[PDB]
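# Chains, contacts and geometry: an overview
Given next are the chains, with one letter for each unit.
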Amino acid sequence: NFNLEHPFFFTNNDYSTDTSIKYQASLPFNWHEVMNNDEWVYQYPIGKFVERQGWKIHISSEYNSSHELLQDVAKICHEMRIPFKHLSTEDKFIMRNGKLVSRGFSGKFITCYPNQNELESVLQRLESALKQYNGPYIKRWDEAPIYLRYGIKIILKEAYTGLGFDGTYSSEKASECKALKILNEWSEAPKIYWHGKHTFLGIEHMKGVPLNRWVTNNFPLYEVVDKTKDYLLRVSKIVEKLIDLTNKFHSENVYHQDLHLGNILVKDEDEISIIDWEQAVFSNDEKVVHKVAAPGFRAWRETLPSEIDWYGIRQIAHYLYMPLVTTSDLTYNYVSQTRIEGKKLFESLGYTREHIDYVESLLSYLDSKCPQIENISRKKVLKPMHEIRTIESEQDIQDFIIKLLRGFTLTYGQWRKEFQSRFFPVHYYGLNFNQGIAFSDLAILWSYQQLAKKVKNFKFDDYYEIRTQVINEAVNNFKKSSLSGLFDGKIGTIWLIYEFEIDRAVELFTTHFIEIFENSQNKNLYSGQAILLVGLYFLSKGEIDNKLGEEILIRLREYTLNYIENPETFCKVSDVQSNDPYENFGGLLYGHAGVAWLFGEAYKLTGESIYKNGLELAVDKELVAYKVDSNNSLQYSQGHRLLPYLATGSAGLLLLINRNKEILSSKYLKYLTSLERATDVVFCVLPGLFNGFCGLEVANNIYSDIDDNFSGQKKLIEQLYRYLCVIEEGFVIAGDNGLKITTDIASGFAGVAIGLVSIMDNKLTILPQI
Amino acid sequence: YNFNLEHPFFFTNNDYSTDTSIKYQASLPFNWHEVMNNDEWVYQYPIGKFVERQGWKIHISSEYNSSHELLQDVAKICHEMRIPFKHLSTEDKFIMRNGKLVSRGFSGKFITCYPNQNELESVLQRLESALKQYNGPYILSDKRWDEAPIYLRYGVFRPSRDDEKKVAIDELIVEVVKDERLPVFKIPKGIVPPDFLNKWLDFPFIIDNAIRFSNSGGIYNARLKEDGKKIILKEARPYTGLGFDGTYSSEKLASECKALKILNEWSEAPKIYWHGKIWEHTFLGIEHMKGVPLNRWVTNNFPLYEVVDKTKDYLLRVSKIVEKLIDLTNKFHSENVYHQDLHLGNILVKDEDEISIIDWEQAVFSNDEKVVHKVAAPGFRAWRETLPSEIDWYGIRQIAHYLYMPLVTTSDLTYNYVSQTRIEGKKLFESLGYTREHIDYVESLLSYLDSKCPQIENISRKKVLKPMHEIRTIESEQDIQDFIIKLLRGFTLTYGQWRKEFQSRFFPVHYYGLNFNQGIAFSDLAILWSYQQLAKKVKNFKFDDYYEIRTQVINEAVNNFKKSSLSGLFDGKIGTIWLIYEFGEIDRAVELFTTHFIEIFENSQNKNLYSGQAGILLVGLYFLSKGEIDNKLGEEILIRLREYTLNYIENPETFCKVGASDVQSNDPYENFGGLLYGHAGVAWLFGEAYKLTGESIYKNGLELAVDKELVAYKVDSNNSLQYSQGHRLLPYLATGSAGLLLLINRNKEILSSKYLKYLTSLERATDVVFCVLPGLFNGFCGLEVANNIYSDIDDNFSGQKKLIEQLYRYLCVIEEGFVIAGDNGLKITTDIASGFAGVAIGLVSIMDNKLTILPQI
Ligand SMILES: Nc1nc2c(ncn2[C@@H]2O[C@H](COP(=O)(O)OP(=O)(O)OP(=O)(O)O)[C@@H](O)[C@H]2O)c(=O)[nH]1
């Protein structure tokens, strides 16, 4: 679960390809170099009695004086004077030192391992080359960088720490204090209240909130908020304050170089306050590439410092129209599409035409300072969208899905050329779980063949040989890993192969079901034992061996009874604010809210009414966990994260409530239309099935009979157009936390694929029945 | 088929390669794309526009001094209307293709555009009128269009189309049209007349000899008219010829013209005759010298035998030439000229031992700088940015050390390689019998010369290859016991240094067999067989990791086993079965043998022991001699070997080629003849069959095999039998003479007394004091495994002593262990073809008396 990215695609930490300066050192007679740990090179003589542990000596230096210190230490230590190891990469030197890194290992550039009882002159000789150099502190021994071993009522700060890829220390970046002292006239900028040297310069804290919660409090997400319109008048007030103060402080030789979600702060009556003037450089003759900034805001390819801030001051006012800003690091000039997709939404709300046209003309004459920059790279293959249509007929939907299926083949094509480990592009969380109906290719292929089956007379190409050269390593790696479960576990592959090869899945299931089922302990649907769905699905049509079938049937009966006496125990029916799957709780993906499907299938099979009793017990244990929202409906309770979604929140609750009509009573149907009002929003900030808009639109209309749901296609496509970055004759959808492209079940090609095939075929084709 | 690629340590395949030059990037509007198809070009075409194949294309070239301006000056022309284009990616491929090491059929290819056939004049008039001040090379197999660089040709636009009939990707889509990519233009099967192009479409030297024609031309023999006499010509087209620096061909002929005009009173340096410029070419009239080079001078003068020196005085003949070289250094250094690249294709010695340095195509004229010796020879390549005067003196030093002993081919890999050679040279030159004054004078002049080239200490990561300064003599078995564990621990170090980075294979191999993976060849499993046969050979080993890697090599050498399709004993899917049998395991793959032995047998053509069915029959008779296969296939092997012998007896021409031929090479698939790669290994089957069955026809087949193999053996000046192809002699094991001595000496009682009299001549022929290669197929270790493998009496100690001493002459040292250098030594290879496993099985069979590489009875 770590992030390391190159342009265009996404990958893991294996793809580095470091190109820097090799360190290089000499070597005496009967000595050696070795790259043992692949991050340190170790020097050692041949014949010497090496002990274990003892003492270690650490020496740290600055960036510029590394190689001459290395030469002096080498000429001291090579002549029968102790083995030696050091850092092996100039590129990794700025991650070992510099800015905020891991607290356990920081510094420690030069290391030696003395032979216990010979230190009477080595430490004395190490002040010869030292005592005039420098370095970070990381315990002190003398007046030299020689060490021994066996953050942020005035808010303050702290000062060789903070080095980037260029030479700019955090103490150096002087710039902040000169920018504060030349801008002490205005109360929007903070004041300086401490001078001198670990230096402790302080600032005044202006009141306010960050603009993201201002967007969630002022930019509408439900239709009942912000009565009598007039929100665009406030938006005009903030952007007129930005243009006024921008023209006031760009008079005399000062620039900010970053105007992201930070450094802006609105208190009351639309009063901004720019804080933390830290990245202040100024020139107007040479051109500088924008080096360091927040994600979503990055200037391009060696322009003037007057127009570095141009893109930032355009975009900071641009996403106030409709906030989708984080995907501009991949698609240059992305923000044109947000304007035209916010204008139609604002007209659909019913705002005044004067306010909308004034805001559009205001952004137009801010764009009147318009220096495009024809950047020259390989990122420019993914050009923006400049065409917006309207869906009325079914052939438009067929054209959209045959366009979208091409982008899947195109994002498959470029992945195989430079990478060989997996078969398909990934998300950053589940980039190694290469099995099951989860973040894995085996769940991608059957969505592909389904949507090839649905549309029209598709080209057969060569996907037969592709499917067999996928299923060969699938049956190879059925068992060479750990864990168990349905989604990313063990026997989801059996269900997918049977839903794909019939006989092999049946005989692996009947030879491994009792062996794998007793190994797992939990009962949740992700990686537990509810497996019972696969067993009941194989039992209802009938392919299981008989006597083991009744044995596992009375087994699941007695675990159902045992669950009837005990509390929830295995899961919680969790005040953590995370998107993380293992930390997720209280949903259909994670919790006891999904066992209602398992109880309902057993009730639906012949006659078992103890599973009905399990249904009332499960819903009575599950209904307490949800808090109420403003619009009189149930909502997920933890933090300020009021997200009604398929997982955790309201949409999964509406899915589980309307699962079976026959089990319902008048006590159950007390929150039907209020919960439907909960899942009726004008904006979803991230797309997808598990954590996005597509799961909401699936849960809004799945089991309300009929098939003619063209309002559903209209709403889904006309709200899904805002998330797409176009390629040649196709689309590739950026996933959740979107900076790169993603193809998985949650946020990718397969999410939209499963969503559309579930809306067309109203059975929601995950966790099956019959 | 060769696939050579530079890499520090081990030389590998074309996979470790990253372009680190300034890349070329263009801009695209909407409805355009940037497909990167096949790693050379980047494809660009408007989206939705059907490109019409099978028309006319334009090749555009450029110079290195201004090429970006061609990109940003022709980009709006392709942006206007509809023109696809594809251009080269980085500057490194532009250097590699607009240079000197690339073929003339593919040179000058930078921009390729794709017009339609109906728009050619309209695009050509627009692009021609804006490129007046651009210029570049000619590009072969095209024709001149106007004055701007524009060259047309007939070529392939796209691959095969969507849903109609295609036959190829290169020919006419009308009869077959073969590709004729030669530096001429071809109009195939008449012409459909291009009305845009029909109007536009319509020396005091005599040629003597072309020694080369290279890429930029080069040295060209001819005859002058107004002066007569003999002359040579150097030619150089403008804007071609390019190193890894801004430097062209015409920037060096002017430099050597200056360097040969500044000095004129030296009779052994050539005099300029006519430095004229025909058209834009730079021709050059240079006189010719008589004589032979030093590279072939040591072939017939260095004592290879111990009688060939013709009554002493060889070292004085060395010393006069050496003092002639050391005299002619500061004579032209007074003019402050400097001549780089002092390799041994420039010092030519004529009659009465007079020298003449003839190649001057690198010449600086100032000395305060440190440059990389960028263009050099194999062996004389210098050591990272010293001043050019000591670069020249370093070249002089290694000239003198090749004159001392003729191995300097690996001095690029190990710094101060001259140390080991200078240590062994006194023992080489004192073991033959010479006066001490000559050796004293040679070492005195060398000890004068060695201090004018200053030593350096940086080495740059190849530090673990140190020269050897700790030599010993062999007079006890404990020396052999120490050497075997040292070599084995060095092989462990080799596996440790190979396991770090690469994983496509398991062991380092020579670059000939860089793709093969099985058998007693360039492989993996035979190396562990040698490892096991040497590890328990003394008493034991530590065995830190041998068990799990043995399990690994068997369960991914046996699991696939059929991915490649090739037959033979050496590398051909049945030697794999033999190594599984002889590793110490159970017979195991006998089921696979009975499954597909007839299938492997029935679909092969060659019958040599390298990759033919003769080794398959040897494996079969070995398994029948072990005593358990089946009741039926044992009869099938005999009923096939019967009439396999008879097709050879009635017609020996099909199974092998007799004669000497005209081939000077080292590739394993070319050199016919000899014990392994030819005819002399056929009689090994007849010997094994006679030792199993005992009947006369096998003996007669062996006698005819020995009779018809000895045709291609030319007698030396001394009484010695030598294998000879071309102008070279081959007294080696594989394609040589020591292979026949095994066949004669092993079957001594079977053979009659008529063929037993050749042993006294082949013992003289396989007795040299010097070799150039440290190997056993084609090297040294095979020449003294034939000496003591089957005598009668156990006298292993003296032969072992000689082998270990001359291997100390050839080895290289890492840590406490040891490595060895393979064929074409610039690297470290560990296999059974001039590697660690070969010297391992040599040290096995030198006292075990078996020669375990070939399966006996
Ligand atoms: N000057 C001269 N050259 C000859 C003679 N005979 C052959 N040559 C040619 O000189 C060439 C020397 O080429 P190399 O030794 O490869 O060196 P080079 O290719 O000239 O490159 P540089 O050594 O950098 O000039 C040979 O390839 C021969 O073709 C001769 O008598 N005199």
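As recorded in the entry header, the structure was determined using cryo-EM to a resolution of 3.98 Å.

For the structure on display, the rule yields 99 aromatic pairs over all chains. Seen in terms of ring centroids, A:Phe249 and A:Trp277 are 5.0 Å apart; in terms of plane orientation they differ by 85°. Their pairing is edge-to-face. Remark: A:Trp277 occurs in the loop between α6 (231-249) and α7 (305-318) and A:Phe249 occurs in helix α6; sequence separation between them is 28 residues. For the pair formed by A:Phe249 and A:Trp277, the shared burial category is buried. By the ring-pair criterion, three or more aromatic residues cluster together here, those being B:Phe491, B:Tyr495, B:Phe507, B:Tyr531, B:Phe541, B:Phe543, B:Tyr546, B:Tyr547, B:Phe583 and B:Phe836.

Quick look at the domain arrangement of chain A now. Often, the extent of an interface is quoted as the loss of accessible area on bringing the components together. All names here are of chain A. Domains assigned within chain A are domain 1 (31-149), domain 2 (222-275 + 284-378) and domain 3 (389-481 + 681-770). Inter-centroid distance (C-alpha atoms) of domain 2 to domain 3 is 33 Å. With 14 residues of domain 2 at the contact, the number on the domain 3 side is 14 residues. Taken together, both faces of the contact between domain 2 and domain 3 bury some 1,200 Å²; the carbon and sulfur share is 68%. Connecting domain 2 to domain 3 are 0 salt bridges. Within the side of domain 2 that touches domain 3, the residues separate by chemical class into 8 nonpolar, 3 polar and 3 charged.

It is worth spelling out the site of the ligand at this point. Residues and elements named next belong to chain B. What surrounds the ligand is the set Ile211, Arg212, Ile219, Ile232, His288, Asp341, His343, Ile358, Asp359, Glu361 and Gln362. Here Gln362 contributes a side-chain N or O atom positioned 3.0 Å from an oxygen atom of the ligand. Across the complex, the protein chains shield 68% of the 640 Å² of accessible surface that the ligand would expose by itself. Grouping the amino acids of the shell around the ligand by side-chain chemistry returns 4 nonpolar, 3 polar and 4 charged.

Inspection of the secondary structure puts A:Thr331 in the loop between α7 and α8 (336-349). The residues touching A:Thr331, leaving out its near neighbours within four places in the chain, are A:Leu382, A:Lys383, A:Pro384 and A:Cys725.

About the criteria used
- Residues numbered from 1 in each chain as written, not as in the entry; some residues may be left out.
- Chains lettered and ligands numbered in written order.
- Heavy atoms only, no water.
- Residues with missing side-chain atoms left out of burial classes, pairs and counts.
- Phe/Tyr/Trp six-rings, centres within 6.5 Å; stacked < 30°, edge-to-face > 60°.
- Helix = DSSP H or I, 4+ residues; strand = E, 2+ residues; numbered from the N terminus.
- Buried < 20%, exposed > 50% of the residue type's maximum accessible area, 1.4 Å probe, protein only.
- Domains from an automatic or database assignment.
- Contact = heavy atoms within 4.5 Å.
- Buried area = accessible area lost by both parts, 1.4 Å probe.
- Salt bridge = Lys/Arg side-chain N within 4 Å of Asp/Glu carboxyl O.
- Nonpolar A, V, L, I, M, F, W, Y, C, P; charged D, E, K, R; others polar.
- Near = heavy atom within 4 Å.
- Polar contact = N/O pair within 3.5 Å; in protein donor to acceptor, adjacent residues only side chain to side chain.
- Areas by Shrake-Rupley, 256 points an atom, 1.4 Å probe, with all protein chains shown as cover.

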